[PDB]
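Below is one structure, written out as structure tokens, with a few remarks after it.
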RNA sequence: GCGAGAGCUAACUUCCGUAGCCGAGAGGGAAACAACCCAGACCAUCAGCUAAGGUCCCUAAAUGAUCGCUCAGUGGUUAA
RNA sequence: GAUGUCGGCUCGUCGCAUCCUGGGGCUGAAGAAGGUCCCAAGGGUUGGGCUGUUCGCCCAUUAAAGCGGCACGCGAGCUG
RNA sequence: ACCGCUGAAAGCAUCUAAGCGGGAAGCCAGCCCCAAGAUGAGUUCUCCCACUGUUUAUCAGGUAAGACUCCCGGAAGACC
Ligand SMILES: [Mg+2]
Ligand SMILES: [Mg+2]
Ligand SMILES: [Mg+2]
Ligand SMILES: [Mg+2]
Ligand SMILES: [Mg+2]
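Chains as they are written, first to last, in our numbering: chain P, 1 to 205; chain W, 1001 to 1142; chain H, 2001 to 2059; chain Z, 3001 to 3094; chain B, 4001 to 4037; chain D, 5001 to 5171.
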């Protein structure tokens, strides 16, 4: 349901009481609302929020049209949120609250093409008792004349990372509104400067 | 020497699946699609009336709509891609119980596939008759 | 191809190849079979004739 | 059909098996089986009444067709020419 | 419960029942509780 | 075969369709049956006559009467079973209507009567499921007689007063 | 297949007797399929009657008629 | 006119006649702990010493340290 | 699997043939991720707009909205 948009910023040490706790400072800048999809307009409920600002000289005509339909001010990023609402815009103020468990979802860093050891763990082989299949290189891929082929999915080398990931249940250590800053314990996905989306715990204990 | 073809036609009949046993209704729908009483009654291409189907949701089975009637569908490389659902379980998508029980009785090659197109099922009643703006000779079962 | 059409007309009245055919048969009189389909495809006026002709030699 | 027509029409030149009576003009008469001389649908026997008169137009040698047979592994390959003769007959009958 | 292939009475009580497709045995005594399936 | 239908006063039947409707002092009831299953009131009392006879038909026969006969004793006098809480610290109390167990579980079992049934408790060791529809009542005290089945060694839990449960006997 | 031995009255097992087909045999049927079943291809034909097998739809033809049987999906993998 | 052979390693995947977890009937089931049969394969099923071993024996643990199938799975993947 | 309520055929008995309820790490939904080449190619919001070319060059040609090319880089990447 509820949720906001933001830029990851870095992690750092912070003591809450006498326990040093690592956190990820996320800037959940205010988020405008640029379109309310209704189960009677677009067939399903949801809100269109926006994020970084974009210079107007860079805005497509078609987009202006959109953004103007709600006198907003071109953002550069728009995203939806099912079953969400209110009036005006969306800022963490009153949205999230210190202590709330949340789910941060960003785009994982990108590892490019990675072998099986690093993409699936595997194990490759030896390093001395004979070879050319030193450490990496997968083993065998199938079996034989039966299923005389390979399974759809057999883990293999392939572009690793650069995916959508969602780390669940994160305590919100501290919220400094009026800076739209927010500290979540643990570690959120992707690179600093990267987009991140925080929300109510999709399904927490 | 034997007769050629037409086109300028496309009878738009409308069956009703209410209470009728899926099979019988099937055969019929299947038949009028491939070529019922048939125009030039010719193979090469289909002249088989387009068929609209209402209700569906209330077709009929006999001793099993729980037992036996298990529609199977085996996904990607069969790494446990064995999916089975109760026909009653087709309270999710009745429109398929028919759809995919009639495509069965239609030819299986190029044209045949071109043939499921004319078949057009709806699990409702009135609301269906909306997705219907041409003729509609409601030629019920028997 | 012939037998297929001959009864998609046969059944167009209330007969069906099986029956229909034995009928014209019941009337040695009738004896086309060859072109019968065509008659049933082009001349409905005619085809009916032969149709009813059989029922009228049937029951 | 199986030799010597029948049915209705309007008199066209059609080809059938050889008719024996060579020459031309050979006024030919075919019984009849069905027809509509005036949309008058007429079935067997009740049609025998009416009849058809057609004249032998010409005699022909069909289009050369090759009869080839074949079985594998056992060698066996057979090539042989062929083409069936006929008779052209201009319809005109009752 | 006893799932034997050759089910049959065991004392003047065993009420050999036939529930859903199965041939069963219900007797006051439980160790008598039989069942082909 | 079965036939004798004691359909006293208060009641009111209505073989209107397959809906063999009913109404009495306890409240108007309803109890479907087959159609081909014949039955209507002939004079004073009642009767469910049957088409064929043997099985398929006679079964449904030995079915309907008893069924209706229940609608009778129902609206007429209403049902109400009585349960027994038994064994140390076993006990029922109550919340509005909701029966409340307390039979040795780390926490307490809270029961709730279905729309048209009521619980009752005399001594917090004796239970009472009173109702209309013979079934439900049975079909609910059942759920009580499950929160705790009697043990084969001290027959604790719930039971049917003159409940016959012998002890296997241990050490 | 039928009659025997050999073999665990096992084997698309082995060895003989005897009939048929494949081998040197196309065609229809038995989903597919040497030998099973119906049948032995001189060539042509948008002609006709049948065999075995079949006549809900995928393919040709009665979702035929009458009196029954089983509710098992038996039908559409065996026994004490 | 070549279908590479034992074991290991790597990679798996499937059956169930279930090793462990889950649900049950009976027990000669007091409770705790078991036995046994029924249902159930989701996931899991350790590390070493000896031997090429597969197996098995043993150490030390474990909820458990299942049994089989896939050309006794996998050498155009390695070992040898 | 197993346990039950109402209950005949067997005026009793019966988890059953009418009917109804509970009930597993399993099935379906749920969680995270992909997803209309879901060729049955879906929905929504916004932008550009109705040009030119004589039966001799029958259609492409100026263009809008928009984008690509190219340059400089990147927490994106084998190349794209
Ligand atoms: Mg390594
Ligand atoms: Mg035997
Ligand atoms: Mg257990
Ligand atoms: Mg290999
Ligand atoms: Mg580059």
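Every residue gets a Cβ at the ideal spot worked out from N, C-alpha and C, and that includes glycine.
Backbone secondary structure at residue i - three-state DSSP
| i | result |
| --- | --- |
| residue 1077 (chain W) | coil |
| residue 1113 (chain W) | helix |
| residue 35 (chain P) | strand |
| residue 1071 (chain W) | strand |
| residue 5108 (chain D) | coil |
| residue 98 (chain P) | coil |
| residue 5061 (chain D) | helix |
| residue 2054 (chain H) | helix |
| residue 5077 (chain D) | helix |
| residue 3069 (chain Z) | strand |
| residue 81 (chain P) | strand |
| residue 4028 (chain B) | coil |
| residue 109 (chain P) | coil |
| residue 1029 (chain W) | helix |
| residue 170 (chain P) | strand |
| residue 205 (chain P) | coil |
| residue 178 (chain P) | coil |
Contact check, residue i vs residue j, beta carbons under 7 angstroms
| i | j | result |
| --- | --- | --- |
| residue 1012 (chain W) | residue 1050 (chain W) | yes |
| residue 1017 (chain W) | residue 1106 (chain W) | no |
| residue 38 (chain P) | residue 188 (chain P) | no |
| residue 4009 (chain B) | residue 4034 (chain B) | no |
| residue 196 (chain P) | residue 6 (chain P) | yes |
| residue 125 (chain P) | residue 117 (chain P) | no |
| residue 2 (chain P) | residue 200 (chain P) | yes |
| residue 1076 (chain W) | residue 152 (chain P) | yes |
| residue 109 (chain P) | residue 191 (chain P) | yes |
| residue 5081 (chain D) | residue 5137 (chain D) | yes |
| residue 3083 (chain Z) | residue 3069 (chain Z) | no |
| residue 5134 (chain D) | residue 5078 (chain D) | no |
| residue 237 (chain P) | residue 81 (chain P) | This structure gives no information on residue 237 (chain P), because the portion of chain P shown stretches from 1 to 205. |
| residue 3086 (chain Z) | residue 3036 (chain Z) | no |
| residue 77 (chain P) | residue 52 (chain P) | yes |
Straight-line Cα distance separating residue j from residue i
| i | j | result |
| --- | --- | --- |
| residue 2024 (chain H) | residue 2054 (chain H) | 5 angstroms |
| residue 2006 (chain H) | residue 1046 (chain W) | 18 angstroms |
| residue 1019 (chain W) | residue 1060 (chain W) | 5 angstroms |
| residue 4037 (chain B) | residue 4023 (chain B) | 8 angstroms |
| residue 1064 (chain W) | residue 1026 (chain W) | 17 angstroms |
| residue 185 (chain P) | residue 10 (chain P) | 12 angstroms |
| residue 2030 (chain H) | residue 3047 (chain Z) | 10 angstroms |
| residue 57 (chain P) | residue 72 (chain P) | 16 angstroms |
| residue 1114 (chain W) | residue 144 (chain P) | 38 angstroms |
| residue 5109 (chain D) | residue 5132 (chain D) | 24 angstroms |
| residue 5036 (chain D) | residue 5158 (chain D) | 42 angstroms |
| residue 163 (chain P) | residue 181 (chain P) | 25 angstroms |
| residue 131 (chain P) | residue 141 (chain P) | 18 angstroms |
| residue 1038 (chain W) | residue 2038 (chain H) | 13 angstroms |
| residue 86 (chain P) | residue 36 (chain P) | 10 angstroms |
Closer than 6 angstroms: residue i CB and nearest ligand 1 heavy atom
| i | result |
| --- | --- |
| residue 135 (chain P) | yes |
Inset, instruction - May I ask you to verify whether the region 23 to 37 of chain P touches the region 84 to 94 of chain P, counting CB pairs closer than 8 angstroms and requiring at least 3? - result: yes
Inset, instruction - Answer yes if the region 156 to 175 of chain P comes into contact with the region 95 to 111 of chain P, meaning at least three C-beta pairs across the two stretches below 8 angstroms, and no otherwise. - result: yes
Legend entry - Validate contact between the region 5062 to 5073 of chain D and the region 5085 to 5093 of chain D using beta carbons, cut 8 angstroms, 3 pairs: no
Legend entry - Three-pair Cβ contact test at 8 angstroms for the region 4012 to 4022 of chain B versus the region 3027 to 3047 of chain Z: no
Legend entry - Cβ pair count under 8 angstroms reaching 3, the region 3008 to 3027 of chain Z against the region 2028 to 2042 of chain H: no
Legend entry - Segment contact, 8 angstroms Cβ cut-off, at least three pairs: the region 5090 to 5098 of chain D with the region 5110 to 5125 of chain D: yes
Inset, instruction - Take every Cβ of the region 5061 to 5070 of chain D, pair it with every Cβ of the region 5136 to 5152 of chain D, and state whether three or more of those distances are shorter than 8 angstroms. - result: no
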